[PDB]
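First comes one chain, alone, set out as structure tokens in the form solved without its partner chain.
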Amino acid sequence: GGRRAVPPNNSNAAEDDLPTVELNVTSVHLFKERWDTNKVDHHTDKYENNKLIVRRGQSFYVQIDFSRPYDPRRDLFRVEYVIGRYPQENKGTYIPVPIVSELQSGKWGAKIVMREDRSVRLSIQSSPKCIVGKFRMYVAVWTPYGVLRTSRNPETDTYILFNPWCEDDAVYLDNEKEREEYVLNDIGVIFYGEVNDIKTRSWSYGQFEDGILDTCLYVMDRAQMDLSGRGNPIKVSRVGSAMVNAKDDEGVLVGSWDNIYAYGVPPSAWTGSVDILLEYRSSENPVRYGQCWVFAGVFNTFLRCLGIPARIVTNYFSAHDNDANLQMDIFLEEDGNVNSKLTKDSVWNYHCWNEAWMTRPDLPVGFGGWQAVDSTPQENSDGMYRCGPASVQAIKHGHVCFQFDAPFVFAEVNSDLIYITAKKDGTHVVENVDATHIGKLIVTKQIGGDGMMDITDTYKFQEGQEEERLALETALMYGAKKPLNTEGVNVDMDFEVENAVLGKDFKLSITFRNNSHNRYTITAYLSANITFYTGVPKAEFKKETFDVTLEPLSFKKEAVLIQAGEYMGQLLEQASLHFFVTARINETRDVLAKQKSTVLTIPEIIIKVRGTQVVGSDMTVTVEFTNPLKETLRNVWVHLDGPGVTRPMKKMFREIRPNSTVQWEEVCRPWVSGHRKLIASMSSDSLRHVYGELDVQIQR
């Protein structure tokens, strides 16, 4: 056909039927059953699936009943696995599994583990590099006139996932604790807020829930992904992440940061990946709407479900859309005030990306392990896409020369803020530089429980360390950018905001230390704005200039008060507030700068249960939320979730008068034993990004 002899098979759903005729089998028994050896041994017993699911590079048992006794003399047969529509032994999409005296490592094969009166028990092993997907099983009998082969049989469809338990698999992770956490765990916690006030919230990955695995295969099919590569964790993450953010009626989620969300579910409402993945599957069109942590919850569900050890990572004060520039420009005016016309770039209060576990045989030795993949697009070499998989280890050392998109995730965590006064005659002069703001704290969920784990030391060295300065020296050599010459760049200023609840008042003190044996005349300015979590300004709710005289060896503190009415009028979804404080030392003309952010605390949702905490047993769940506003919250949606206990659900209240409390009781029949969890979220026409949860423990 001009282009290629055979078309590409980039669909695991398209199937071809192998001919039945160019000894015979009567029944093929696999030991599926979620209690049986196979599933229990492959660690695929939690999957709500009624087919055999194994993990590559490992043996599993199967049994073939022949019409007559298998005789090693005049008999010859082999099990066949085939995927997609144009199988090719050449591409790994047609695997003849030959009978062997013993199984070698890294090769396919079947040992006749035992035979008894017309049946043969088999031990089948698979290559540790096997294509991940859902294969078809057949049994071929090689007669002197042609192969005789089984008919199409759905109940034998075997799923072959990645295998972090196998040391020959690139996805290998050598620690059962981590294995459980990064692969087996189907509940997760997402960190946000601001570096000073870390807020957490649970998300449901739900990889083992009914259907999720088949949709993970659907995304790939939708990406027209060559089957020959689904066995590559790299290209798998490379393609998988590009599918997450809907590039025009294409991907999974439709991103959006417009506090309206004109026609869908506000990003702040979702409780997990489940209903999201199932909605994409059923509608077959992008789901509206999503934002970083959402994209992150979903991509993580996709990975874990296939068996690639993944986890979500949150960076505080993220320099997004850096275009590999290591500098953020803050434009101060001649008298010292932040210039709003020019200052157009912002630091995100926080940003969430993923890390995947794998080896990097495409790079030198030492860069394998955790890989950074950011599904939130930004301009990189290809032009506005997801970034990664970039080796966190190389990032740490500044080796941004190795793929993929490493110079852009490096800048997310290493940028500097440059305070530059643009003279009114059209000139510039950089007054100061803040090397310590961006990438102040990078964090993730710990292995034990719902705690926090500081993984900052992994992306970067400690400041001042030559290794730190070296990584910069290196980064700068292969694509890092520091366009402004910061040449020549004794008062110590710093301020603090006390965190408050939504609707209440708070203080913001400014401290001024003067170590010199002399006095100064400072002129300060406080500028408070209302911002999106991305750090983008909506408005300046409070401006305030100060006039401070500093005696030598003086230390003066001033206290400003932010009254609730000064902000309650114009707040945004995540309750973010940004503070800028700059000063001029009239004598020497030095400009001091400092900026911080805070979020207002939102009261949680209450989840309470009564009944029988037993699988199969009806257990009633009670949900209740109190509208803590002096206004009536309209069109209130409360979301309920809890994998293994409840499928996701949601309810709506036309309105909730100021200060009244609602309640929602639904009865669930927990289908999983052990510690499970219940998760709630709130979203209305105004207040949203409200969450609640509960630690149930199902019995049986």
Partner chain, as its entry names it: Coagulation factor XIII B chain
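Numbering follows the first chain given and starts at 1.
In the deposited sequence, the stretch from residue 22 to residue 23 hides 10 or more residues that have no coordinates. Gap check for residue 401 to residue 402: zero deposited residues are absent from the model.
Look at the C-alpha B-factors of 416 to 424 and of 252 to 260. On average they run higher in 416 to 424. Per-stretch averaging of Cα B factors for 381 to 389 and 277 to 285 places 277 to 285 on top. Of the candidates 272, 364, 290, 98, it is 98 whose Cα B-factor is highest according to the PDB record. Per the PDB entry, 490 shows the highest C-alpha temperature factor of the residues 300, 531, 490, 232. Residue-level temperature factors show residue 542 in the middle third of its chain, judged at the C-alpha atom. Ranked by C-alpha B-factor against the other modelled residues of its chain, residue 474 falls in the middle third. Among the modelled residues of the chain, residue 48 sits in the lowest third by CA temperature factor in this PDB entry. Among the modelled residues of the chain, residue 182 sits in the lowest third by CA temperature factor in this PDB entry. Ranked within its chain, residue 79 lands in the middle third, by CA B factor from the PDB record.
The following text describes the form solved in complex with its partner chain, which does not appear among the structures shown.
The contact with its partner chain in the deposited complex, taken as any heavy atom within 4.5 Å, belongs to 399 out of 304, 445, 578, 399.
Put simply, of 180, 498, 494, 473 only one has a heavy atom within 4.5 Å of its partner chain in the deposited complex, and it is 473. Proximity of 367, 467 and 477 to its partner chain in the deposited complex is complete: all three residues have a non-hydrogen atom within 4.5 angstroms. Heavy atoms within 4.5 Å of its partner chain in the deposited complex map, among the stretches 605 to 613, 456 to 464, 273 to 281, 114 to 122, onto 456 to 464 alone. Within 4.5 Å of any heavy atom of its partner chain in the deposited complex lies no heavy atom of residue 150. Among residues of the shown chain, residue 393 is one whose heavy atoms approach its partner chain to within 4.5 Å in the deposited complex.
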